[PDB]
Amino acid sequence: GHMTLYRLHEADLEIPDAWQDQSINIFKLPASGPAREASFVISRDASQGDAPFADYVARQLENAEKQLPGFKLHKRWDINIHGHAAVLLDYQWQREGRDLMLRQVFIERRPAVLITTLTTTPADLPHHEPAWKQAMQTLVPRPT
C-alpha cells in the first residue's frame, strides 16, 4: 500500500499512489470597469510520456488549432520558469458567436505538466493582464 503525502492549500493528507489525480485549481477574476469576469485555472497533464517537451507543446497547439472554431494564434513564447521549460500561447476562438481569448502557459514537470490558463476576451485581456502577470511571476514549481 504505497502512499504519498499530498499538499493542498488548506491541508495535507496521504494519498495512495494508485489513486488517479485529476485536481484542478480554479480562480474567478472579478469584473472591472468595462471588463467582465475571467478565470485562471491550473490543471495537470500526465500525457507527455517520453516525448520532448517541444513536441508535447506542438501537439497541444495543433489540437487547439484544429478543434476550436475561429482559432487564431496571437503569440507563442518560449520562456523559463525557475529552470522549468515553458511555453506561453495567446490564442482566441469563437464560442456561441462570442470571441474568447486564452493565455495559456505549459510548464514542464514530472509526473505531470502544469498548465495555467487565463480565459477572458480580446478586449478584456489588457484589463486582466496585470493581475495575471503578478500571479505568474510568483509561481515557483516545487521539486519532484
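All residue numbers refer to positions in the sequence shown, first residue = 1.
Relative to one another, 83-91 and 61-69 have unequal mean CA B-factors, and 61-69 is the one with the higher figure. The stretch with the higher mean CA B factor, choosing between 125-133 and 21-29, is 125-133.
Highest C-alpha temperature factor among 76, 103, 44, 110 per the entry: 76.
Placement of the Cα temperature factor of residue 140 within the chain: middle third of the modelled residues, per the deposited record.
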